[PDB]
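Reminder, nothing fancy here: chain letters follow the sequence lines and each chain counts from 1.
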Amino acid sequence: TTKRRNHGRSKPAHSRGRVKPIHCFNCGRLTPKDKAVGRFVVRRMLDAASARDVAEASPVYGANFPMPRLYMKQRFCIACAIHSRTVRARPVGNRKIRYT
Amino acid sequence: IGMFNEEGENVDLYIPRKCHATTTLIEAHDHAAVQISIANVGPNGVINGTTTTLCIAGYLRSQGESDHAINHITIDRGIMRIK
Amino acid sequence: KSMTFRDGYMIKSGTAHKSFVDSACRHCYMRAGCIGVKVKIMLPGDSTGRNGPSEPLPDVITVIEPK
Amino acid sequence: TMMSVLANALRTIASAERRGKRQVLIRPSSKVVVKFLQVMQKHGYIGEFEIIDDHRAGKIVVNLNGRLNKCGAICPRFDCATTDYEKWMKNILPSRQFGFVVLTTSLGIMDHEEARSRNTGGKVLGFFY
Amino acid sequence: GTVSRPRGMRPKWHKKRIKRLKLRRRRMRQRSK
Amino acid sequence: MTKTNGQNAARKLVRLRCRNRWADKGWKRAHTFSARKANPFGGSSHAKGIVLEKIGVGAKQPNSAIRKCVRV
Amino acid sequence: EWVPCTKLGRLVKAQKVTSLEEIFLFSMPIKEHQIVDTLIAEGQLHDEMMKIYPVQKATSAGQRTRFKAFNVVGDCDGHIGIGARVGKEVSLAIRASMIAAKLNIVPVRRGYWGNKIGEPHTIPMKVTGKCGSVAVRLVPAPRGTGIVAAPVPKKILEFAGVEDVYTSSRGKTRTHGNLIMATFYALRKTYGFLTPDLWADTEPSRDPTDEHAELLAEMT
Amino acid sequence: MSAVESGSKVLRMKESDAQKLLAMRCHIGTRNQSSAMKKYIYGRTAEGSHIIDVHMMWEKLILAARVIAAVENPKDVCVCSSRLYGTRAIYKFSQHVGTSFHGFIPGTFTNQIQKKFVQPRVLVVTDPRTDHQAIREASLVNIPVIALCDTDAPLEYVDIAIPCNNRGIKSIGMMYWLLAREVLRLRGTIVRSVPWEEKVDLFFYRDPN
Amino acid sequence: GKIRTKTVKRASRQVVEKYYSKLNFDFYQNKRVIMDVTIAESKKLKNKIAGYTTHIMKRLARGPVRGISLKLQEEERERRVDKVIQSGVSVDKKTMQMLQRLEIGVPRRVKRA
RNA sequence: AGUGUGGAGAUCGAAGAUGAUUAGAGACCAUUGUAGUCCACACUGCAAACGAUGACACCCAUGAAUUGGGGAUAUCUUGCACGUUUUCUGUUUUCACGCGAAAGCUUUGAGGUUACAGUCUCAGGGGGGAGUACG
Ligand SMILES: [Mg+2]
Ligand SMILES: [Mg+2]
Ligand SMILES: [Mg+2]
Ligand SMILES: [Zn+2]
């Protein structure tokens, strides 16, 4: 029984032969780049409470100069994406909903 | 019209209706088929006793093309003006 | 095996069911053994209280129409 | 590539009739296709049609009247003697009261009833009903 | 999780068993000849 | 899109049927000789023999019995 | 007694509609089973039971059993109907299938093989009906042939009024639920095939509900 | 519609009828365009909206009134509207012509033993999308449908469509005025020369609060 | 002191329909009225009904309540083009190019906007 | 992946070694480590080598999107990009008619087939024994 039309990846029939694999962020499993789950993350360096204490002690970081952030692109294998709550299983009728 | 025995009488009961647009028989189980009567109007603008009747098969309505079919039927019948 | 046939209303639970239901049972002697038969009947109400109870059902409310 | 012009045209007409269309364009055309259409016209299964010249194999526009149920070609074109008409009638026709099998004979292209009357055989081209 | 019921034992390992058997038979025939 | 159709294509159709008839288990058995050699009867309906001894054969599960037989 | 609910049922009670052909003419649904037995004499509508079997549903600590019944009705003169229903006991299922069969009555067209002498005796053209994997094909036959079919399709064709026919079944005919419906669908298709005898146009008619609309308002 | 068996000009759009249409902007639609209503579009105005050809809109309307006429017992026509902007525009329409109205419960046209079981002869709706249940039910019981449709209306099980804007409060009540007036003129209660006495403010809807 | 059962809620609605003019926002007077106009066995049920009836009366003072239909005050509240002719239609250019294509030409009192 | 002959040898790492888990643990985990992994030349010819869907040709409903070229007539930098509408080729997404046992397919077919014929070609005929034995 075919479960998904796209077979869980982004490679239609007459498009491509092979896609280079990448390592999963957590476990390191090799998986094709078009099949891995990908996110872009922009997280604050410090929590809200600790940022205030550092900003108070800093001649540089006040109210007209924000602190730097971290920018990372994350790709996970299927198993690591599910366990880490990034992606969860959906009912048969709801598997088609795609966000951006 | 219908089947004759060659004895002189009709052996075919219930000669069915034919769709105006496509000239196809309308079966007894076609519950989407409809019949519409359009009033005739006298010269003064008041309706007349006579009416114009047409039938549409169910397949056309389900496809969503009955509106287009009705327009061409009335243009040919001269019920409404093309321009 | 056991078989049941029913029709209409039938109240269970609570205490009022002993007043509104009439029940009986018997044993019948076939050639193979004993057979049980039970019958329960939901009595309609009555103003006298002979062919039924006098009080209404415990959870039925009726609003008398104004003059 | 395209191997049979007649088979291509008859398939196009049958589909348009099934979809309830009023006109159908046929391309390319040939002498055999025109003769087949005239047999259909004589028996009242299609309306008028127009042949357009383009200095190549031309095109045909046919008017449909809703009376056609199915038309098709027979490939390969098997030989049919005068004693084989009954066999072909029982195999590809809905009944013995209507429908025609079209043949090509030494006397020209005609339906099976006309061919039998003139006592001639030939090769089967197609059918319609 | 991705496959129906095989019967016997993982087919790839069954094939590996047959491969080793054929090698042993080849060696025995070679010794005799 | 499963078979050839040409008017002068009889040779291909004849060869195709000849090779595919061998896949029929019943057809192959009647046209080869291995079964006849295997059959203790030489293709006959009956045969005669000498009894060697009497044996009992256990019935296959889920039945349970001792079926009486002889070896000939 | 019978108190009609639909407008069609009230009309047949008032005898404004007398023939089943008028209802077939306007392709209207029959929702009360007393309509068809009013317009057909009680001495000519024959019914019969075809198959009853149990179906089951798994349940925690046990399983649940019901019964399904198939019924066929007809007058052996060009009318046929089939119905099927499911009940908790065989008695209840049998009764409900009789009602459903009456509500599914369709007309059957009949014709001649070759020469046209006497009453029509066979179907006018080849037809096939399909349900599930089962397909039944009917072919016109000469006068002395009789019904050439399996025992289940043969019974249905007798109730419809066909004397001579050739049949052919295609796949998994032991599924009698699908086999019964496939035979019914093939017969129903006989009145939808346009033939040269039905080419000319006819004058339009008026709906029974339009003719007696004033009386229909009065009854309610 | 406008064409008559006897050569006449009575059932033709005059200047006064057209004037009202531009007054309430009934000729404008939305930005999206259904493929089934391409025949009623004229062009794209500013901001991306579509213009409806008033000539064909008039022909559809007068055809609709001619169908509504010659039906005895006006109660055989039910007028439904799931939109809230036509909740009273349907009542004032029915209060003048005598048709049935309602403004849905699945099974109304199909459940015979239901208490509210009615089988009208002709159905009139306000928006095919928002009245999908109504028109879908009508398809099992041979009931024709007449609908007020926009540029993006699915024309399934819809036989007569009047291309007009059924989104604004003004436009919805504006359209029922023509339909009510035309049938009365065809019936003969009023005369064409005199102006229609009824005014659109009763048809116009207002906030219930 | 919890959710009200549907037998209580249906009874309270029936009381308000037929006896609206006899009730007010007081539980103790409302209870006296209900003990006269309803026949029931349970005293406890009559207390719950008198409680929810008082709740409905308070909501009805603010505004309408779904599921009531007093049908005596709703009717009173229900009974309680020349403006744009003077202003001018002022249709856009795309419409203007279509108005004159008709058999009546450009209608009177129009602009370009 | 493997084999031969010359190079290379950072990383990772079949075989093997040493710690831990465990009743046992030869495994999963940790630290390592040989062949390999990389290059040149010469072999091998197997993959869930998959769209599990052979090649060529015709008809076919609607709206999007997108890659390359061409035709016609608003924005921005100073020839380019962009806007609107057509067009040829490619490449995809929203239960079209219809088909199918269903899951599903649908201008891109698994449609146009008991109303069974456009052309060529490969393979199958209950489950095993068996892709084994012999040549
Ligand atoms: Mg690959
Ligand atoms: Mg471990
Ligand atoms: Mg290492
Ligand atoms: Zn992972």
Side-chain angles (χ1 to χ4, degrees), chain A residues 1-3 5-7 10-18 28 92 96 98, chain B residues 62-65, chain D residues 1-21 24-28 69-78 91-95 99 124 126-129, chain E residues 2-3 8 12 14-15 18-19 21-22 25, chain F residues 2-7 9 12 16 19-28, chain G residues 125-139 167-172 175 178 186 189 193, chain H residues 32-36 38 44 48 152 154:
Chain A
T1 311
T2 288
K3 184 181 233 214
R5 172 168 171 99
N6 68 344
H7 308 300
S10 273
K11 209 174 66 68
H14 330 96
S15 77
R16 267 168 294 286
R18 187 192 179 226
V92 194
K96 293 205 101 105
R98 305 164 62 104
Chain B
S62 62
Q63 285 320 86
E65 285 268 297
Chain D
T1 64
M2 167 153 321
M3 301 281 171
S4 176
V5 167
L6 173 74
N8 182 247
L10 290 188
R11 209 186 186 174
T12 298
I13 292 180
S15 157
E17 205 47 355
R18 161 194 284 235
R19 285 181 290 115
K21 288 318 208 33
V24 56
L25 170 76
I26 284 140
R27 157 197 71 96
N69 283 110
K70 191 169 191 173
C71 52
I74 302 291
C75 306
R77 295 164 177 181
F78 298 104
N91 273 337
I92 66 176
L93 281 189
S95 92
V124 189
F127 61 91
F128 61 92
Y129 47 84
Chain E
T2 77
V3 96
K12 157 194 291 225
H14 177 78
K15 174 146 115 175
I18 310 279
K19 187 194 236 69
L21 204 52
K22 281 160 89 177
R25 292 183 181 139
Chain F
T2 36
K3 64 178 78 173
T4 182
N5 205 51
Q7 165 99 261
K12 182 82 195 305
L16 196 129
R19 80 164 295 256
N20 282 104
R21 276 185 331 229
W22 290 109
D24 199 347
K25 267 214 307 193
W27 192 92
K28 184 166 195 211
Chain G
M125 98 274 297
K126 294 171 181 170
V127 282
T128 175
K130 187 173 176 284
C131 187
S133 91
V134 180
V136 183
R137 194 206 194 196
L138 311 166
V139 176
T167 69
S168 177
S169 294
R170 191 183 302 166
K172 194 79 170 193
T175 310
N178 288 353
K189 209 169 298 197
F193 201 117
Chain H
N32 39 312
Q33 162 204 216
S34 196
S35 149
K38 260 190 316 293
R44 215 184 271 251
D152 55 309

Might you work through the side-chain contact (heavy atoms from CB on, under 4.5 Å) test for D/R77 and D/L6, ending with a clear yes or no?
-> CA-CA 12 Å; D/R77 295 164 177 181; D/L6 173 74; 3.9 Å; yes
Name the pairing partner of J/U53, where a pair is Watson-Crick or G-U wobble with both distances under 3.5 Å, or state none.
->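 J/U53 is unpaired by these criteria.
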pair_partner(J/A40), Watson-Crick or wobble, both distances < 3.5 Å, evaluates to J/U5
May I ask whether [N] and [M] form a pair, defined as Watson-Crick or G-U wobble with both distances under 3.5 Å?
{"N": "J/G128", "M": "J/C105", "result": "no"}
{"N": "J/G104", "M": "J/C99", "result": "yes"}
{"N": "J/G118", "M": "J/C56", "result": "yes"}
{"N": "J/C59", "M": "J/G111", "result": "yes"}
{"N": "J/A48", "M": "J/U93", "result": "no"}

Centres of the six-membered rings under 5.5 angstrom apart and planes under 30 degrees: does that hold for [N] and [M]?
{"N": "J/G13", "M": "J/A14", "value": "no"}
{"N": "J/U53", "M": "J/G54", "value": "no"}
{"N": "J/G19", "M": "J/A20", "value": "yes"}
{"N": "J/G112", "M": "J/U113", "value": "no"}

[X] side-chain N/O to [N] phosphate OP1/OP2 under 4.0 Å:
{"X": "D/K70", "N": "J/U113", "value": "yes"}
{"X": "A/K96", "N": "J/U94", "value": "yes"}
{"X": "A/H7", "N": "J/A48", "value": "no"}
{"X": "E/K22", "N": "J/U132", "value": "yes"}
{"X": "F/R19", "N": "J/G124", "value": "yes"}
{"X": "A/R5", "N": "J/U106", "value": "yes"}
{"X": "F/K12", "N": "J/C122", "value": "yes"}
{"X": "E/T2", "N": "J/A48", "value": "no"}
{"X": "D/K21", "N": "J/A61", "value": "no"}
{"X": "G/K130", "N": "J/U114", "value": "no"}
{"X": "E/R25", "N": "J/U132", "value": "no"}
{"X": "E/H14", "N": "J/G131", "value": "yes"}
{"X": "F/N5", "N": "J/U119", "value": "yes"}
{"X": "D/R27", "N": "J/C59", "value": "yes"}

Expressed in whole Å, how much space separates the P atoms belonging to J/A101 and J/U114?
-> 13 Å
P gap between J/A20 and J/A25, integer Å = 12 Å
Look at the side chain of [X] and decide which nucleotide, out of [options], has an atom nearest to it.
{"X": "G/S133", "options": "J/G51, J/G118, J/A101", "value": "J/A101"}
{"X": "H/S35", "options": "J/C59, J/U62, J/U92", "value": "J/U62"}
{"X": "D/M2", "options": "J/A115, J/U92, J/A57", "value": "J/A57"}
{"X": "D/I92", "options": "J/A117, J/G118, J/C56", "value": "J/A117"}
{"X": "D/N69", "options": "J/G63, J/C56, J/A115", "value": "J/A115"}
{"X": "D/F127", "options": "J/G131, J/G100, J/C116", "value": "J/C116"}

In [N], glycosidic geometry as syn within 90° of 0 or anti otherwise:
{"N": "J/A64", "result": "syn"}
{"N": "J/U53", "result": "syn"}
{"N": "J/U85", "result": "anti"}
{"N": "J/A27", "result": "anti"}
{"N": "J/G109", "result": "syn"}

Decide between north and south for J/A102, the convention being positive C1'-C2'-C3'-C4' for north and negative for south.
->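 A north-puckered sugar, given its positive torsion.
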Furanose pucker, J/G79, classified by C1'-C2'-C3'-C4' =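 North.
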Send over the distance from [X] [atom1] to [N] [atom2], rounded to a whole Å.
{"X": "A/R16", "N": "J/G51", "atom1": "CZ", "atom2": "P", "value": "12 Å"}
{"X": "D/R19", "N": "J/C97", "atom1": "CZ", "atom2": "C1'", "value": "10 Å"}
{"X": "D/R18", "N": "J/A115", "atom1": "CZ", "atom2": "P", "value": "12 Å"}
{"X": "E/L21", "N": "J/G131", "atom1": "CG", "atom2": "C1'", "value": "14 Å"}
{"X": "D/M3", "N": "J/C56", "atom1": "CE", "atom2": "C1'", "value": "8 Å"}

Can you check whether [Y]'s main-chain N or O pairs, donor with acceptor, with [X]'s side chain at less than 3.5 Å?
{"X": "G/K130", "Y": "G/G132", "answer": "yes"}
{"X": "H/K38", "Y": "H/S35", "answer": "yes"}
{"X": "G/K189", "Y": "G/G129", "answer": "no"}
{"X": "G/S133", "Y": "G/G171", "answer": "yes"}

Side-chain-base donor-acceptor pair under 3.5 Å for A/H14 and J/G90 | no
Going from CD1 on D/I74 to CD1 on D/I92, what distance comes out if it is rounded to the nearest 0.5 angstrom?
-> 4.5 Å
